[PDB]
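Have a look at run-v1.cif below; it lists mmCIF, N, CA, C and O atoms.
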```cif
data_upload
#
loop_
_atom_site.label_atom_id
_atom_site.label_comp_id
_atom_site.auth_asym_id
_atom_site.auth_seq_id
_atom_site.Cartn_x
_atom_site.Cartn_y
_atom_site.Cartn_z
N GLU A 51 48.36 26.24 44.30
CA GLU A 51 46.92 26.32 44.51
C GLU A 51 46.22 25.67 43.32
O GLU A 51 46.36 26.14 42.19
N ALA A 52 45.49 24.59 43.58
CA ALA A 52 44.86 23.81 42.52
C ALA A 52 43.51 24.41 42.16
O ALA A 52 42.66 24.62 43.03
N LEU A 53 43.30 24.68 40.87
CA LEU A 53 42.14 25.40 40.39
C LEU A 53 41.21 24.45 39.66
O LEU A 53 41.66 23.59 38.90
N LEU A 54 39.91 24.61 39.87
CA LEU A 54 38.90 23.82 39.19
C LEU A 54 38.05 24.70 38.29
O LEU A 54 37.91 25.90 38.53
N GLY A 55 37.48 24.09 37.25
CA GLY A 55 36.64 24.79 36.31
C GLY A 55 35.28 24.12 36.20
O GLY A 55 35.04 23.04 36.76
N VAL A 56 34.38 24.78 35.47
CA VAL A 56 33.02 24.30 35.27
C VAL A 56 32.81 24.09 33.78
O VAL A 56 32.87 25.04 33.00
N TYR A 57 32.55 22.84 33.39
CA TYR A 57 32.32 22.48 32.00
C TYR A 57 30.88 22.03 31.83
O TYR A 57 30.37 21.25 32.63
N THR A 58 30.23 22.51 30.77
CA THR A 58 28.87 22.13 30.45
C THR A 58 28.86 21.10 29.33
O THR A 58 29.66 21.18 28.39
N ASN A 59 27.96 20.13 29.44
CA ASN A 59 28.00 18.95 28.60
C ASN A 59 27.46 19.23 27.20
O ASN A 59 26.78 20.23 26.95
N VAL A 60 27.79 18.33 26.27
CA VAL A 60 27.30 18.43 24.90
C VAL A 60 25.84 18.01 24.87
O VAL A 60 25.47 16.96 25.42
N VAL A 61 25.00 18.83 24.24
CA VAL A 61 23.56 18.59 24.24
C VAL A 61 23.25 17.42 23.32
O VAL A 61 23.36 17.52 22.10
N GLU A 62 22.84 16.30 23.91
CA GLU A 62 22.59 15.08 23.16
C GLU A 62 21.26 15.17 22.43
O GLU A 62 20.36 15.92 22.83
N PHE A 63 21.14 14.40 21.36
CA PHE A 63 19.97 14.46 20.50
C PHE A 63 19.37 13.07 20.35
O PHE A 63 20.05 12.06 20.55
N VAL A 64 18.07 13.06 20.05
CA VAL A 64 17.31 11.83 19.84
C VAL A 64 17.90 11.03 18.69
O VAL A 64 18.15 11.57 17.60
N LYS A 65 18.13 9.74 18.92
CA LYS A 65 18.76 8.88 17.94
C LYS A 65 17.82 8.61 16.76
O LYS A 65 16.64 8.98 16.77
N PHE A 66 18.36 7.94 15.74
CA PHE A 66 17.67 7.88 14.45
C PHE A 66 16.48 6.93 14.48
O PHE A 66 15.50 7.15 13.77
N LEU A 67 16.55 5.87 15.28
CA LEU A 67 15.41 4.97 15.37
C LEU A 67 14.32 5.54 16.26
O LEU A 67 13.19 5.05 16.24
N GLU A 68 14.63 6.56 17.05
CA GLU A 68 13.66 7.15 17.96
C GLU A 68 13.04 8.42 17.42
O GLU A 68 12.23 9.04 18.13
N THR A 69 13.39 8.85 16.21
CA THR A 69 12.63 9.88 15.55
C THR A 69 11.54 9.25 14.69
O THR A 69 11.53 8.05 14.44
N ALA A 70 10.59 10.09 14.26
CA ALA A 70 9.51 9.64 13.39
C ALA A 70 9.89 9.69 11.92
O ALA A 70 9.06 9.36 11.08
N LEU A 71 11.12 10.10 11.60
CA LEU A 71 11.57 10.07 10.22
C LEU A 71 11.79 8.65 9.72
O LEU A 71 11.69 8.40 8.51
N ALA A 72 12.08 7.70 10.61
CA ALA A 72 12.36 6.33 10.18
C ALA A 72 11.11 5.55 9.80
O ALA A 72 11.22 4.38 9.45
N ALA A 73 9.93 6.16 9.86
CA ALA A 73 8.75 5.57 9.26
C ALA A 73 8.78 5.64 7.75
O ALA A 73 8.02 4.92 7.10
N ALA A 74 9.65 6.47 7.17
CA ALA A 74 9.76 6.62 5.73
C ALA A 74 10.86 5.79 5.11
O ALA A 74 10.89 5.66 3.89
N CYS A 75 11.78 5.25 5.91
CA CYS A 75 12.89 4.47 5.40
C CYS A 75 12.99 3.15 6.15
O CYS A 75 12.53 3.03 7.28
N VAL A 76 13.59 2.16 5.50
CA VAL A 76 13.75 0.83 6.08
C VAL A 76 15.21 0.62 6.44
O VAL A 76 16.08 0.59 5.56
N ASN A 77 15.49 0.42 7.72
CA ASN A 77 16.84 0.55 8.25
C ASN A 77 17.45 -0.82 8.48
O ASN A 77 16.90 -1.63 9.22
N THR A 78 18.59 -1.07 7.84
CA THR A 78 19.40 -2.26 8.10
C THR A 78 20.83 -1.83 8.42
O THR A 78 21.29 -0.79 7.97
N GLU A 79 21.51 -2.65 9.21
CA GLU A 79 22.88 -2.36 9.64
C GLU A 79 23.84 -3.26 8.87
O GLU A 79 24.12 -4.39 9.29
N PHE A 80 24.35 -2.76 7.76
CA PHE A 80 25.29 -3.50 6.93
C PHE A 80 26.68 -3.22 7.49
O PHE A 80 27.17 -2.10 7.37
N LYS A 81 27.28 -4.23 8.12
CA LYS A 81 28.48 -4.05 8.93
C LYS A 81 29.68 -3.60 8.12
O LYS A 81 30.41 -2.69 8.52
N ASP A 82 29.91 -4.22 6.97
CA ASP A 82 31.08 -3.94 6.15
C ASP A 82 30.63 -3.38 4.81
O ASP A 82 30.59 -4.08 3.80
N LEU A 83 30.34 -2.08 4.81
CA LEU A 83 29.87 -1.39 3.63
C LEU A 83 30.99 -0.68 2.89
O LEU A 83 30.84 -0.37 1.71
N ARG A 84 32.13 -0.46 3.55
CA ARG A 84 33.29 0.06 2.86
C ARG A 84 33.91 -0.94 1.89
O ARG A 84 34.75 -0.56 1.08
N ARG A 85 33.50 -2.21 1.96
CA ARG A 85 33.92 -3.20 0.99
C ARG A 85 32.99 -3.27 -0.21
O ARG A 85 33.34 -3.90 -1.21
N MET A 86 31.82 -2.63 -0.16
CA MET A 86 30.89 -2.71 -1.27
C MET A 86 31.26 -1.73 -2.38
O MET A 86 31.55 -0.56 -2.11
N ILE A 87 31.24 -2.20 -3.62
CA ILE A 87 31.41 -1.33 -4.78
C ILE A 87 30.06 -0.78 -5.22
O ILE A 87 29.86 0.44 -5.23
N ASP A 88 29.14 -1.66 -5.60
CA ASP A 88 27.81 -1.28 -6.06
C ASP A 88 26.77 -2.15 -5.38
O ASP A 88 27.09 -3.18 -4.79
N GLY A 89 25.52 -1.74 -5.49
CA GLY A 89 24.42 -2.57 -5.04
C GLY A 89 23.22 -2.33 -5.91
O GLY A 89 22.86 -1.19 -6.20
N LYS A 90 22.59 -3.42 -6.34
CA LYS A 90 21.55 -3.27 -7.34
C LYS A 90 20.30 -4.01 -6.91
O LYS A 90 20.32 -4.90 -6.06
N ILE A 91 19.19 -3.57 -7.50
CA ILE A 91 17.86 -4.13 -7.29
C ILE A 91 17.29 -4.34 -8.68
O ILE A 91 17.43 -3.46 -9.54
N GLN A 92 16.69 -5.49 -8.93
CA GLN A 92 16.19 -5.80 -10.26
C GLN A 92 14.72 -6.15 -10.17
O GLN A 92 14.35 -7.13 -9.51
N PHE A 93 13.88 -5.34 -10.82
CA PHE A 93 12.45 -5.60 -10.92
C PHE A 93 12.15 -6.35 -12.20
O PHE A 93 12.89 -6.24 -13.17
N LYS A 94 11.05 -7.10 -12.20
CA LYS A 94 10.58 -7.78 -13.40
C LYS A 94 9.06 -7.67 -13.41
O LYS A 94 8.38 -8.37 -12.66
N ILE A 95 8.55 -6.79 -14.26
CA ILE A 95 7.16 -6.36 -14.23
C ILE A 95 6.44 -7.03 -15.39
O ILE A 95 6.69 -6.68 -16.55
N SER A 96 5.56 -7.97 -15.11
CA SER A 96 4.77 -8.59 -16.16
C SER A 96 3.45 -7.85 -16.30
O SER A 96 2.79 -7.55 -15.31
N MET A 97 3.06 -7.56 -17.54
CA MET A 97 1.97 -6.64 -17.77
C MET A 97 0.80 -7.34 -18.45
O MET A 97 0.99 -7.97 -19.49
N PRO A 98 -0.40 -7.28 -17.88
CA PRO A 98 -1.55 -7.94 -18.49
C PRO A 98 -2.17 -7.07 -19.56
O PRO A 98 -1.86 -5.89 -19.70
N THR A 99 -3.05 -7.69 -20.35
CA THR A 99 -3.81 -6.97 -21.36
C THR A 99 -5.29 -7.28 -21.21
O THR A 99 -5.72 -7.93 -20.25
N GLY B 345 -46.80 -18.47 -8.34
CA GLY B 345 -46.44 -19.77 -8.86
C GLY B 345 -45.55 -19.69 -10.08
O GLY B 345 -44.71 -20.56 -10.31
N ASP B 346 -45.72 -18.62 -10.87
CA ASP B 346 -44.94 -18.44 -12.09
C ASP B 346 -43.50 -18.07 -11.78
O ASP B 346 -42.63 -18.26 -12.64
N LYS B 347 -43.22 -17.61 -10.56
CA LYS B 347 -41.89 -17.12 -10.20
C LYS B 347 -40.87 -18.26 -10.17
O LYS B 347 -39.70 -18.05 -10.50
N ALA B 348 -41.30 -19.46 -9.78
CA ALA B 348 -40.38 -20.59 -9.78
C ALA B 348 -40.04 -21.03 -11.20
O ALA B 348 -38.89 -21.38 -11.49
N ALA B 349 -41.02 -21.00 -12.09
CA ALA B 349 -40.77 -21.38 -13.48
C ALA B 349 -40.03 -20.27 -14.23
O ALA B 349 -39.36 -20.54 -15.23
N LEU B 350 -40.15 -19.03 -13.76
CA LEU B 350 -39.55 -17.90 -14.46
C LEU B 350 -38.05 -17.84 -14.24
O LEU B 350 -37.31 -17.33 -15.09
N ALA B 351 -37.57 -18.32 -13.10
CA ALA B 351 -36.15 -18.29 -12.79
C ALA B 351 -35.72 -19.66 -12.31
O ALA B 351 -35.87 -19.99 -11.13
N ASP B 352 -35.19 -20.47 -13.22
CA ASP B 352 -34.50 -21.69 -12.80
C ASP B 352 -33.17 -21.34 -12.15
O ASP B 352 -32.90 -21.77 -11.02
N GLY B 353 -32.34 -20.57 -12.84
CA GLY B 353 -31.17 -19.99 -12.22
C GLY B 353 -31.57 -18.93 -11.23
O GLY B 353 -32.69 -18.40 -11.26
N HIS B 354 -30.66 -18.69 -10.28
CA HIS B 354 -30.70 -17.67 -9.23
C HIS B 354 -31.73 -18.00 -8.16
O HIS B 354 -31.95 -17.23 -7.22
N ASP B 355 -32.36 -19.16 -8.29
CA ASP B 355 -32.89 -19.89 -7.16
C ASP B 355 -32.09 -21.18 -6.99
O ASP B 355 -31.75 -21.85 -7.96
N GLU B 356 -31.76 -21.48 -5.73
CA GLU B 356 -30.92 -22.62 -5.33
C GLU B 356 -29.53 -22.57 -5.96
O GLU B 356 -28.94 -23.61 -6.28
N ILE B 357 -28.99 -21.37 -6.16
CA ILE B 357 -27.55 -21.17 -6.33
C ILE B 357 -26.98 -20.89 -4.95
O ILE B 357 -27.57 -20.13 -4.17
N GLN B 358 -25.86 -21.55 -4.62
CA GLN B 358 -25.22 -21.37 -3.32
C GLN B 358 -24.74 -19.93 -3.15
O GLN B 358 -23.99 -19.41 -3.97
N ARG B 359 -25.20 -19.30 -2.07
CA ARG B 359 -24.83 -17.93 -1.77
C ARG B 359 -23.38 -17.85 -1.31
O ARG B 359 -22.75 -18.85 -0.98
N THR B 360 -22.86 -16.63 -1.29
CA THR B 360 -21.49 -16.41 -0.87
C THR B 360 -21.38 -15.02 -0.25
O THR B 360 -22.39 -14.34 -0.03
N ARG B 361 -20.15 -14.61 0.03
CA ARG B 361 -19.85 -13.40 0.78
C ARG B 361 -18.99 -12.51 -0.11
O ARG B 361 -17.78 -12.73 -0.24
N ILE B 362 -19.62 -11.52 -0.74
CA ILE B 362 -18.96 -10.65 -1.71
C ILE B 362 -18.53 -9.37 -1.01
O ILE B 362 -19.32 -8.73 -0.31
N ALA B 363 -17.27 -9.00 -1.20
CA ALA B 363 -16.72 -7.78 -0.62
C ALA B 363 -16.82 -6.66 -1.65
O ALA B 363 -16.14 -6.70 -2.68
N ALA B 364 -17.66 -5.68 -1.37
CA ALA B 364 -17.85 -4.52 -2.24
C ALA B 364 -18.39 -3.39 -1.38
O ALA B 364 -19.02 -3.62 -0.34
N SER B 365 -18.15 -2.16 -1.82
CA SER B 365 -18.65 -1.00 -1.11
C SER B 365 -20.12 -0.81 -1.41
O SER B 365 -20.61 -1.19 -2.47
N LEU B 366 -20.83 -0.22 -0.45
CA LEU B 366 -22.24 0.10 -0.62
C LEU B 366 -22.46 1.56 -0.26
O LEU B 366 -21.55 2.25 0.17
N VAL B 367 -23.70 2.02 -0.47
CA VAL B 367 -24.07 3.39 -0.13
C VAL B 367 -25.58 3.39 0.03
O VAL B 367 -26.27 2.49 -0.44
N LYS B 368 -26.10 4.39 0.74
CA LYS B 368 -27.53 4.51 1.01
C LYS B 368 -28.05 5.81 0.43
O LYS B 368 -27.66 6.89 0.89
N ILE B 369 -28.95 5.71 -0.55
CA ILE B 369 -29.51 6.88 -1.22
C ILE B 369 -31.02 6.80 -1.11
O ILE B 369 -31.67 6.18 -1.97
N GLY B 370 -31.58 7.42 -0.09
CA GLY B 370 -33.02 7.36 0.10
C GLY B 370 -33.46 5.98 0.53
O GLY B 370 -33.01 5.45 1.56
N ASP B 371 -34.34 5.36 -0.25
CA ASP B 371 -34.87 4.05 0.05
C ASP B 371 -34.13 2.93 -0.67
O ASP B 371 -34.56 1.78 -0.62
N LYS B 372 -33.02 3.24 -1.33
CA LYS B 372 -32.36 2.31 -2.24
C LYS B 372 -30.90 2.16 -1.85
O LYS B 372 -30.22 3.15 -1.58
N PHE B 373 -30.42 0.92 -1.84
CA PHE B 373 -29.02 0.63 -1.55
C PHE B 373 -28.28 0.42 -2.85
O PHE B 373 -28.68 -0.41 -3.68
N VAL B 374 -27.19 1.16 -3.05
CA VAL B 374 -26.48 1.19 -4.31
C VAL B 374 -25.01 0.86 -4.04
O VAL B 374 -24.41 1.34 -3.08
N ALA B 375 -24.44 -0.01 -4.87
CA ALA B 375 -23.03 -0.34 -4.76
C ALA B 375 -22.22 0.55 -5.68
O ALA B 375 -22.64 0.88 -6.79
N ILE B 376 -21.03 0.93 -5.22
CA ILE B 376 -20.15 1.82 -5.96
C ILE B 376 -18.88 1.06 -6.30
O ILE B 376 -18.24 0.49 -5.41
N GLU B 377 -18.52 1.05 -7.58
CA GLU B 377 -17.24 0.50 -8.03
C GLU B 377 -16.65 1.41 -9.08
O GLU B 377 -17.35 1.84 -10.00
N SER B 378 -15.36 1.70 -8.95
CA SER B 378 -14.60 2.42 -9.96
C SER B 378 -13.61 1.46 -10.59
O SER B 378 -12.75 0.91 -9.89
N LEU B 379 -13.72 1.24 -11.89
CA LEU B 379 -12.80 0.36 -12.60
C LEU B 379 -11.81 1.19 -13.39
O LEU B 379 -11.90 1.27 -14.62
N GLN B 380 -10.85 1.79 -12.71
CA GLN B 380 -9.63 2.24 -13.35
C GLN B 380 -8.47 1.31 -13.07
O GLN B 380 -7.45 1.40 -13.76
N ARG B 381 -8.60 0.43 -12.09
CA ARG B 381 -7.52 -0.49 -11.77
C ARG B 381 -7.37 -1.55 -12.85
O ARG B 381 -6.26 -1.95 -13.20
N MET B 382 -8.49 -2.00 -13.42
CA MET B 382 -8.41 -3.04 -14.43
C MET B 382 -8.05 -2.46 -15.79
O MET B 382 -7.75 -3.22 -16.72
N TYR B 383 -8.05 -1.14 -15.93
CA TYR B 383 -7.74 -0.51 -17.20
C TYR B 383 -6.36 0.14 -17.20
O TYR B 383 -5.67 0.13 -18.22
N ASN B 384 -5.94 0.70 -16.07
CA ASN B 384 -4.63 1.33 -16.01
C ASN B 384 -3.51 0.35 -15.73
O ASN B 384 -2.35 0.67 -15.97
N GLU B 385 -3.83 -0.84 -15.21
CA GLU B 385 -2.82 -1.88 -15.12
C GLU B 385 -2.54 -2.54 -16.46
O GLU B 385 -1.51 -3.18 -16.61
N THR B 386 -3.45 -2.41 -17.41
CA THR B 386 -3.23 -2.85 -18.78
C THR B 386 -3.01 -1.69 -19.73
O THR B 386 -2.71 -1.93 -20.90
N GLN B 387 -3.24 -0.46 -19.26
CA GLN B 387 -2.86 0.78 -19.95
C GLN B 387 -3.62 0.96 -21.26
O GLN B 387 -3.10 1.49 -22.24
N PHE B 388 -4.87 0.51 -21.26
CA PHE B 388 -5.89 0.90 -22.21
C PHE B 388 -6.68 2.07 -21.65
O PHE B 388 -6.86 2.18 -20.44
N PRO B 389 -7.13 2.99 -22.50
CA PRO B 389 -7.93 4.11 -22.01
C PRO B 389 -9.29 3.67 -21.52
O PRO B 389 -9.91 2.75 -22.07
N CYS B 390 -9.76 4.34 -20.47
CA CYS B 390 -10.97 3.97 -19.74
C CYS B 390 -12.19 4.54 -20.43
O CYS B 390 -12.14 5.68 -20.90
N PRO B 391 -13.29 3.79 -20.53
CA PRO B 391 -14.47 4.33 -21.22
C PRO B 391 -15.31 5.26 -20.38
O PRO B 391 -16.23 5.89 -20.90
N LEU B 392 -15.06 5.35 -19.07
CA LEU B 392 -15.78 6.32 -18.27
C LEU B 392 -15.24 7.73 -18.48
O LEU B 392 -15.97 8.71 -18.33
N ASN B 393 -13.95 7.85 -18.81
CA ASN B 393 -13.43 9.13 -19.25
C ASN B 393 -13.88 9.42 -20.67
O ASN B 393 -13.38 8.82 -21.62
N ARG B 394 -14.81 10.36 -20.82
CA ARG B 394 -15.35 10.70 -22.12
C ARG B 394 -14.82 12.06 -22.53
O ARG B 394 -13.93 12.61 -21.89
#
```

Any chance you could give the structure as structure tokens?
Amino acid sequence: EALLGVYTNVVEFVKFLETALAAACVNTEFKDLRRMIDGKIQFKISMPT
Amino acid sequence: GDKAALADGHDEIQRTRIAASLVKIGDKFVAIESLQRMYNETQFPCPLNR
């Protein structure tokens, strides 16, 4: 006698680009980030008098 | 007649379009400017702060 069961699905959630939190961050898809050691940003601020 | 001789300048100077805030106080129009941008970008203390 073959028996069947009832399974309920995993409740899916709104993705990251579809929330309003991404208005605070700038999103890029860096494909190979496990190869990166460091990443730097360099500012150069000239100051008037 | 004396008004033309009194001001050589500021008659027949080419007008322009100046962007500044205004306000209305009774019968008088007054422009408002706060100059902390020109002092804090050079990091001298401001003379309006007394």

Taking the file above as input, evaluate the PyMOL selection byres ((chain B) within 6 of (chain A)) and report the hits as a PDB file with N, CA, C and O atoms, in the frame of the given file.
```
ATOM      1  N   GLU B 385      -3.830  -0.840 -15.210  1.00  0.00           N
ATOM      2  CA  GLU B 385      -2.820  -1.880 -15.120  1.00  0.00           C
ATOM      3  C   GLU B 385      -2.540  -2.540 -16.460  1.00  0.00           C
ATOM      4  O   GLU B 385      -1.510  -3.180 -16.610  1.00  0.00           O
ATOM      5  N   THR B 386      -3.450  -2.410 -17.410  1.00  0.00           N
ATOM      6  CA  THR B 386      -3.230  -2.850 -18.780  1.00  0.00           C
ATOM      7  C   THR B 386      -3.010  -1.690 -19.730  1.00  0.00           C
ATOM      8  O   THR B 386      -2.710  -1.930 -20.900  1.00  0.00           O
ATOM      9  N   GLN B 387      -3.240  -0.460 -19.260  1.00  0.00           N
ATOM     10  CA  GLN B 387      -2.860   0.780 -19.950  1.00  0.00           C
ATOM     11  C   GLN B 387      -3.620   0.960 -21.260  1.00  0.00           C
ATOM     12  O   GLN B 387      -3.100   1.490 -22.240  1.00  0.00           O
TER      13      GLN B 387
END
```

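You will find atom CA of residue B:381 at 28.5 Å from atom C of residue A:90.
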
Would you please extract all strand (DSSP E) residues from chain B, as assigned by DSSP on the backbone, and give them as a ChimeraX atom specification? /B:365-369,372-376

Pick out the residues sitting within 5 Å of residue B:374, and hand them over as a list in words; count only N, CA, C and O atoms, and ignore anything fewer than 3 positions along from it in its own chain. residues 365, 366 and 367 of chain B

To one decimal in Å, tell me the separation between atom C of residue A:96 and atom N of residue B:389.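 Distance reported for this atom pair: 16.4 Å.
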
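For residue B:363, the residues within 12 Å (counting only C-alpha atoms, excluding itself and residues fewer than 4 positions away along the chain) are residues 375, 376 and 377 of chain B.
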
Residues in the PyMOL selection byres (((chain B and resi 393 and name CA) around 12) and name CA), expressed as number ranges by chain: B: 378-380, 383, 388-392, 394

What is the distance, in Å and to one decimal place, between atom O of residue B:384 and atom CA of residue A:89?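 The value is 29.1 Å.
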